[PDB]
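Have a look at the structure below before the remarks.
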Amino acid sequence: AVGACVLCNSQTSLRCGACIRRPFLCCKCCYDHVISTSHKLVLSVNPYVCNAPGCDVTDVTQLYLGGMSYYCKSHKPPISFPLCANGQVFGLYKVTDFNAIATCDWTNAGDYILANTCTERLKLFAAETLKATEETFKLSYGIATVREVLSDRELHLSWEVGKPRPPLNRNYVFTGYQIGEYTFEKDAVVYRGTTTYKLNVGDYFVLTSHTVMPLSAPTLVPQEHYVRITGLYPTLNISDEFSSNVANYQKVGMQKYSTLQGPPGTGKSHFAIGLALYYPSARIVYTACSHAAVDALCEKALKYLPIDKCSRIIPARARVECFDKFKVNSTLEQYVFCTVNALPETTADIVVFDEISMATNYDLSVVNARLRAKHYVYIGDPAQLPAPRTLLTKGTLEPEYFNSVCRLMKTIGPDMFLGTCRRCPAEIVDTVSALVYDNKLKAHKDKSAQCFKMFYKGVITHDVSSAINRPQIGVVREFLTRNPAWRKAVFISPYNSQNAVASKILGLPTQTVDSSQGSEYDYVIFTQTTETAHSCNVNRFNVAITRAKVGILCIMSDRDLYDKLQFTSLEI
Ligand SMILES: [Zn+2]
Ligand SMILES: [Zn+2]
Ligand SMILES: [Zn+2]
C-alpha cells in the first residue's frame, strides 16, 4: 500500500476507498477530498474504520487514532487524536478539479471538458475513472437468449425482463456463449458473427465488459524542440510526389511530437507514408484506434514501401477481417501497422498515430506506455468525428475536448495543416471550408455541377430511438430513376435504421456518417433523416459531404445546414 499522490506526488499509505480507481492521496489532498465530497472512506494496510467490535463507523471525519488503532467518537480512548484535523488526514510522510472527476457520473459534457482542461496526472485519473465507469455501466443491460434462427444471417431474440435493452447497432459488440464476438442490426433482426457458427437456439449474448488497466504514461510526452533533425537521417533524393511535405517532414525530426491537421482528402495517408520515404532507415510504427484506419495506412504503404519490411499486427482474438498482404505479427519489421489495443511493448524512431479525432486520452496514454519513440506524429482532424462517449447524454462535446492532441490543435493550432483538398468537387470544399475550417481549405478540383441539395422534412418515424425518414428515401428513389449514373452511389445517413430501410428500398450500399469516415466514393446520397443535435452536428455534416469524389445529393431536414450547402437546389 505504498504509492504516490495523484494531485501532488507526495508519498503516502492513504488511498480514497470511495473512488472507483482508489487513487493514492497524501495527508493534505486526502483531507481536501474527504471534507468537500461524499467520499469519507480512507484505506491503508488496514482501512480507516472503527476497530471497536461490531462498530460500523467508516467516515474518516468521525474517526480518531487511539494509540495505533482507529475508533469513532463513541469508542475512542481518552488519549486520542482526530484522523481529520488541521487540513490533513493522519498517515505516513505527513483539488476542486480532482473532486469533480472523482464524483461525476460522466453523463454531462462538462465532465469531459474538465477531464481535458485539468493537469496531466488528473487527465490520466479522469481517463481511468471514465473507462471503469463505462465498463461497470455495461453490466446494467439485459441478456438476449436466441428464441429462433431463420437463415444464415437473420434470427429472433428474447430479452431479459427488468434490465434495459442496449441499442442494436454496429457500435455495441456482444460476446456469444465463448462462440466469438457477435454484432446486431435492425420482429426479424440481422445477426453478425465473427466466427461462422451455426446459431444454437438457447445460447446467450452479453456485452463485452473488459478490465480497465491503470494509466502510467502521460497523454502527450513533454515537448522538446531541437536545433537539428534528431535521430533521423533524411534522403537528399526525395521523390517529387512527396516534395510538398519535405518542410513538414523536417519539422517532424526537429520536435519530440508534432500535430498534423489534415481536412478530408488533403493527403494525410500520403504524408504518413512519405515520412518513411523521407527518413528511409527509420523504424516506424503506424497506429490508430480502428482496424479500418490501420488498414487504410497499410493500403498506402503497399503502394510505396517495400512489402518485406512491413507487418500487420493482429490480435490472436481476431475480431474483424483486416489487411492480409503483409507478414502477420512480426513486431521486428521496419514498418509495423497495428491498432492501439494490440500494440506490443516496443521502441521506434517515429510513431505515427492516425485518425487522432477518434482517440481518447486513455488511447493517448496507452500509446505512450507501449511505444518509446524518438518522434511522435499525431495525424487527424478536430473538424471530423470523435470516439463515441457511451455515457455522455447531456450537452455537446466540442472538438477542443476530444483529447489532448485535439485540444492543442484547437487552442495553439496544429504544427502542420494540409490546406488543399484533392478529393472533393469545389462545391463541397467551399461549403466545409467556410463551415469548419475558417475559409482555409482550398479546392483542387473544379465545381463538378453534380452536387445537389433538396430541402425535404418528410416524416420521422423511430425504431426505438434510431430514426427513419421513408419520404426522404422516396425522394431519392424518384431522383435515381431520372439520374441513372447515380445507380452506383453510396447511401449515407446519420442513422443505422434509416440505412436499413434505404438498403431494402434503393438497393444502394449503405454507410452511417460515422462508419464512412476515412472512406471515399464517386457518388454519395445523403438523407439528413431528422433535425436532432446528432444529425445537425457540424463535424458529422463535414464528414458526410466530404466522402464524395464526383457528386453528392443531400436531402436536408435542417434549414441552416441546407442554406450553407453551396449546391444546386432541386425541386419536388
Ligand atoms: Zn497530494
Ligand atoms: Zn474519493
Ligand atoms: Zn466505533
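Naming scheme: A, B, ... for chains in displayed order of the C-alpha cells; residues 1 onward per chain; ligands 1 onward as shown.
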
Can you write out as JSON lines which residues of chain A fall within 12 Å of ligand 3, alongside each residue's closest atom pair and its distance in Å to one decimal, counting only C-alpha atoms and all ligand atoms and ordering rows by chain and ascending residue number?
{"residue": "A:48", "atom": "CA", "partner": "ligand 3", "partner_atom_place_in_ligand_line": "1 (Zn)", "distance": 11.2}
{"residue": "A:49", "atom": "CA", "partner": "ligand 3", "partner_atom_place_in_ligand_line": "1 (Zn)", "distance": 8.0}
{"residue": "A:50", "atom": "CA", "partner": "ligand 3", "partner_atom_place_in_ligand_line": "1 (Zn)", "distance": 4.6}
{"residue": "A:51", "atom": "CA", "partner": "ligand 3", "partner_atom_place_in_ligand_line": "1 (Zn)", "distance": 6.8}
{"residue": "A:52", "atom": "CA", "partner": "ligand 3", "partner_atom_place_in_ligand_line": "1 (Zn)", "distance": 5.3}
{"residue": "A:53", "atom": "CA", "partner": "ligand 3", "partner_atom_place_in_ligand_line": "1 (Zn)", "distance": 7.8}
{"residue": "A:54", "atom": "CA", "partner": "ligand 3", "partner_atom_place_in_ligand_line": "1 (Zn)", "distance": 8.0}
{"residue": "A:55", "atom": "CA", "partner": "ligand 3", "partner_atom_place_in_ligand_line": "1 (Zn)", "distance": 4.7}
{"residue": "A:56", "atom": "CA", "partner": "ligand 3", "partner_atom_place_in_ligand_line": "1 (Zn)", "distance": 6.6}
{"residue": "A:57", "atom": "CA", "partner": "ligand 3", "partner_atom_place_in_ligand_line": "1 (Zn)", "distance": 5.5}
{"residue": "A:58", "atom": "CA", "partner": "ligand 3", "partner_atom_place_in_ligand_line": "1 (Zn)", "distance": 8.8}
{"residue": "A:59", "atom": "CA", "partner": "ligand 3", "partner_atom_place_in_ligand_line": "1 (Zn)", "distance": 10.4}
{"residue": "A:60", "atom": "CA", "partner": "ligand 3", "partner_atom_place_in_ligand_line": "1 (Zn)", "distance": 11.5}
{"residue": "A:62", "atom": "CA", "partner": "ligand 3", "partner_atom_place_in_ligand_line": "1 (Zn)", "distance": 9.0}
{"residue": "A:63", "atom": "CA", "partner": "ligand 3", "partner_atom_place_in_ligand_line": "1 (Zn)", "distance": 8.0}
{"residue": "A:64", "atom": "CA", "partner": "ligand 3", "partner_atom_place_in_ligand_line": "1 (Zn)", "distance": 9.6}
{"residue": "A:65", "atom": "CA", "partner": "ligand 3", "partner_atom_place_in_ligand_line": "1 (Zn)", "distance": 11.6}
{"residue": "A:66", "atom": "CA", "partner": "ligand 3", "partner_atom_place_in_ligand_line": "1 (Zn)", "distance": 11.4}
{"residue": "A:69", "atom": "CA", "partner": "ligand 3", "partner_atom_place_in_ligand_line": "1 (Zn)", "distance": 11.3}
{"residue": "A:70", "atom": "CA", "partner": "ligand 3", "partner_atom_place_in_ligand_line": "1 (Zn)", "distance": 8.5}
{"residue": "A:71", "atom": "CA", "partner": "ligand 3", "partner_atom_place_in_ligand_line": "1 (Zn)", "distance": 5.1}
{"residue": "A:72", "atom": "CA", "partner": "ligand 3", "partner_atom_place_in_ligand_line": "1 (Zn)", "distance": 4.1}
{"residue": "A:73", "atom": "CA", "partner": "ligand 3", "partner_atom_place_in_ligand_line": "1 (Zn)", "distance": 6.7}
{"residue": "A:74", "atom": "CA", "partner": "ligand 3", "partner_atom_place_in_ligand_line": "1 (Zn)", "distance": 5.5}
{"residue": "A:75", "atom": "CA", "partner": "ligand 3", "partner_atom_place_in_ligand_line": "1 (Zn)", "distance": 4.6}
{"residue": "A:76", "atom": "CA", "partner": "ligand 3", "partner_atom_place_in_ligand_line": "1 (Zn)", "distance": 7.2}
{"residue": "A:77", "atom": "CA", "partner": "ligand 3", "partner_atom_place_in_ligand_line": "1 (Zn)", "distance": 10.7}

Write the residues of the preceding selection, restricted to C-alpha atoms, as a CSV table (one decimal), in the first residue's frame.
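File produced: selection36.csv:
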chain,number,residue,atom,x,y,z
A,48,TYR,CA,-9.7,3.7,8.5
A,49,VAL,CA,-12.6,2.2,10.3
A,50,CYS,CA,-13.6,1.8,13.9
A,51,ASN,CA,-11.7,-1.0,15.4
A,52,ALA,CA,-14.2,-1.4,18.3
A,53,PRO,CA,-16.1,-4.7,17.9
A,54,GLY,CA,-19.3,-4.5,15.9
A,55,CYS,CA,-19.0,-0.8,15.1
A,56,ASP,CA,-19.8,0.5,11.6
A,57,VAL,CA,-18.1,3.9,11.7
A,58,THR,CA,-16.1,4.2,8.3
A,59,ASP,CA,-16.2,8.0,8.0
A,60,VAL,CA,-12.7,9.4,8.4
A,62,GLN,CA,-15.9,10.8,12.6
A,63,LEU,CA,-12.7,8.7,13.5
A,64,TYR,CA,-9.6,9.1,15.8
A,65,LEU,CA,-6.2,7.4,16.4
A,66,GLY,CA,-6.2,5.7,19.8
A,69,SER,CA,-5.7,1.7,16.2
A,70,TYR,CA,-8.7,3.8,14.9
A,71,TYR,CA,-12.0,4.4,16.8
A,72,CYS,CA,-15.1,6.6,16.4
A,73,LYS,CA,-16.2,9.3,18.9
A,74,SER,CA,-18.3,6.6,20.8
A,75,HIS,CA,-15.4,4.2,21.2
A,76,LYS,CA,-12.1,6.2,21.4
A,77,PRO,CA,-9.8,6.1,24.4

Handout entry: DSSP strand (DSSP E or B) selection over stretch 236-485 of chain A, as a PyMOL selection string
Key = chain A and resi 255+257-261+284-288+310-313+327-328+335-339+346-353+371-380+394+416-417+420-421+442-443+451-455+461-463+466-468

Exercise for the section: Show me which residues sit within 6 Å of ligand 2 when counting only C-alpha atoms and all ligand atoms, and put them as a list in words. Expected result: residues 16, 18, 19, 39 and 102 of chain A

Restricted to C-alpha atoms, what would the selected residues look like written as an mmCIF file, in the first residue's frame?
data_model
loop_
_atom_site.group_PDB
_atom_site.id
_atom_site.type_symbol
_atom_site.label_atom_id
_atom_site.label_comp_id
_atom_site.auth_asym_id
_atom_site.auth_seq_id
_atom_site.Cartn_x
_atom_site.Cartn_y
_atom_site.Cartn_z
ATOM 1 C CA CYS A 16 -9.510 7.015 -1.322
ATOM 2 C CA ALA A 18 -14.769 5.692 -2.190
ATOM 3 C CA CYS A 19 -13.068 6.494 -5.586
ATOM 4 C CA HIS A 39 -16.118 10.304 -0.131
ATOM 5 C CA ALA A 102 -13.817 11.549 -8.670
#

Exercise for the section: Within 10 Å of residue A:151, counting only C-alpha atoms, which residues show up once you throw out same-chain ones fewer than 4 positions away? Write them as a PyMOL selection string, please. Expected result: chain A and resi 155+190-191+198-199

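Minimum atom-to-atom distances from A:561, A:29, A:21, A:507 to ligand 1 were compared using only C-alpha atoms and all ligand atoms, and the lowest value belongs to A:29.
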
Handout entry: Separation of atom CA of residue A:105 from atom CA of residue A:139, in Å and rounded to one decimal
Key = 15.5 Å

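Residues of protein, DNA or RNA lying at most 6 Å from ligand 1, when only C-alpha atoms and all ligand atoms are considered, are residues 5, 7, 8, 9, 10, 25, 26, 28 and 29 of chain A.
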
Keeping N, CA and C atoms, export the residues of the selection given above as a PDB file, in the first residue's frame.
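Saved as again-v5.pdb:
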ATOM      1  N   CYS A   5       0.746  10.295  -4.492  1.00  0.00           N
ATOM      2  CA  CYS A   5      -0.459  11.114  -4.547  1.00  0.00           C
ATOM      3  C   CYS A   5      -0.740  11.514  -5.988  1.00  0.00           C
ATOM      4  N   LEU A   7      -2.431  14.061  -6.943  1.00  0.00           N
ATOM      5  CA  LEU A   7      -2.504  15.522  -7.064  1.00  0.00           C
ATOM      6  C   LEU A   7      -1.193  16.269  -6.831  1.00  0.00           C
ATOM      7  N   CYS A   8      -0.357  15.793  -5.892  1.00  0.00           N
ATOM      8  CA  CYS A   8       0.901  16.484  -5.600  1.00  0.00           C
ATOM      9  C   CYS A   8       2.125  15.542  -5.518  1.00  0.00           C
ATOM     10  N   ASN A   9       1.963  14.244  -5.868  1.00  0.00           N
ATOM     11  CA  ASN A   9       3.028  13.236  -5.965  1.00  0.00           C
ATOM     12  C   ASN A   9       3.656  12.837  -4.622  1.00  0.00           C
ATOM     13  N   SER A  10       3.319  13.544  -3.515  1.00  0.00           N
ATOM     14  CA  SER A  10       3.824  13.244  -2.166  1.00  0.00           C
ATOM     15  C   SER A  10       3.482  11.796  -1.791  1.00  0.00           C
ATOM     16  N   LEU A  25      -3.789   9.397  -2.229  1.00  0.00           N
ATOM     17  CA  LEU A  25      -3.931  10.814  -1.882  1.00  0.00           C
ATOM     18  C   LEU A  25      -3.126  11.055  -0.622  1.00  0.00           C
ATOM     19  N   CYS A  26      -2.247  12.057  -0.630  1.00  0.00           N
ATOM     20  CA  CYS A  26      -1.432  12.361   0.539  1.00  0.00           C
ATOM     21  C   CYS A  26      -2.270  12.937   1.688  1.00  0.00           C
ATOM     22  N   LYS A  28      -2.487  15.982   2.893  1.00  0.00           N
ATOM     23  CA  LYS A  28      -3.109  17.257   2.543  1.00  0.00           C
ATOM     24  C   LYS A  28      -4.275  17.123   1.563  1.00  0.00           C
ATOM     25  N   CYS A  29      -4.058  16.421   0.463  1.00  0.00           N
ATOM     26  CA  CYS A  29      -5.068  16.267  -0.571  1.00  0.00           C
ATOM     27  C   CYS A  29      -6.219  15.293  -0.180  1.00  0.00           C
TER      28      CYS A  29
END

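Proximity ranking of A:30, A:474, A:383, A:517 relative to residue A:502 places A:474 first, based on only C-alpha atoms.
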
Exercise for the section: Find the spatial neighbours of residue A:468, counting only C-alpha atoms, within a cut-off of 8 Å - ignore same-chain residues fewer than 5 positions away - and output them as a ChimeraX atom specification. Expected result: /A:460-463,495,497-498,501,529

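The residue that comes closest to residue A:150, out of A:84, A:505, A:201, A:288 and on the basis of only C-alpha atoms, is A:201.
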
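The shortest atom-to-atom distance to residue A:375, with only C-alpha atoms taken into account, belongs to A:282 out of A:454, A:310, A:277, A:282.
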
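Restricting the calculation to only C-alpha atoms, the smallest distance between residue A:183 and any of A:34, A:320, A:68, A:284 is found for A:320.
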
Problem - Every residue of stretch 136-306 of chain A that DSSP places in alpha helix (DSSP H), as a PyMOL selection string - result: chain A and resi 136-138+246-253+268-278+291-304

Within 9 Å of stretch 537-558 of chain A: each stretch 437-525 of chain A residue with its shortest pair, only C-alpha atoms, as a Markdown table:
| residue | atom | partner | partner_atom | distance |
| --- | --- | --- | --- | --- |
| A:448 | CA | A:550 | CA | 6.3 |
| A:449 | CA | A:551 | CA | 7.7 |
| A:450 | CA | A:551 | CA | 4.5 |
| A:451 | CA | A:552 | CA | 4.7 |
| A:452 | CA | A:553 | CA | 4.7 |
| A:453 | CA | A:554 | CA | 4.6 |
| A:454 | CA | A:555 | CA | 4.8 |
| A:455 | CA | A:556 | CA | 4.9 |
| A:456 | CA | A:556 | CA | 5.8 |
| A:457 | CA | A:557 | CA | 4.6 |
| A:458 | CA | A:557 | CA | 7.9 |
| A:472 | CA | A:555 | CA | 6.6 |
| A:473 | CA | A:555 | CA | 8.9 |
| A:475 | CA | A:555 | CA | 8.1 |
| A:476 | CA | A:555 | CA | 8.0 |
| A:486 | CA | A:551 | CA | 8.6 |
| A:489 | CA | A:552 | CA | 8.5 |
| A:492 | CA | A:544 | CA | 7.3 |
| A:493 | CA | A:544 | CA | 7.9 |
| A:494 | CA | A:540 | CA | 8.0 |
| A:512 | CA | A:544 | CA | 8.6 |
| A:513 | CA | A:544 | CA | 5.3 |
| A:514 | CA | A:540 | CA | 7.2 |
| A:516 | CA | A:547 | CA | 7.2 |
| A:517 | CA | A:543 | CA | 6.2 |
| A:518 | CA | A:547 | CA | 8.0 |
| A:519 | CA | A:547 | CA | 6.3 |
| A:520 | CA | A:547 | CA | 4.6 |
| A:521 | CA | A:548 | CA | 5.2 |
| A:522 | CA | A:549 | CA | 4.6 |
| A:523 | CA | A:551 | CA | 4.8 |
| A:524 | CA | A:552 | CA | 4.7 |
| A:525 | CA | A:553 | CA | 4.8 |

Exercise for the section: Find the spatial neighbours of residue A:206, counting only C-alpha atoms, within a cut-off of 10 Å - ignore same-chain residues fewer than 2 positions away - and output them as a PyMOL selection string. Expected result: chain A and resi 138-139+141-145+173-177+181-182+204+208-209

Exercise for the section: Write out as a count of residues only which residues come within 9 Å of stretch 240-246 of chain A when counting only C-alpha atoms, dropping same-chain ones fewer than 6 positions away. Expected result: 6
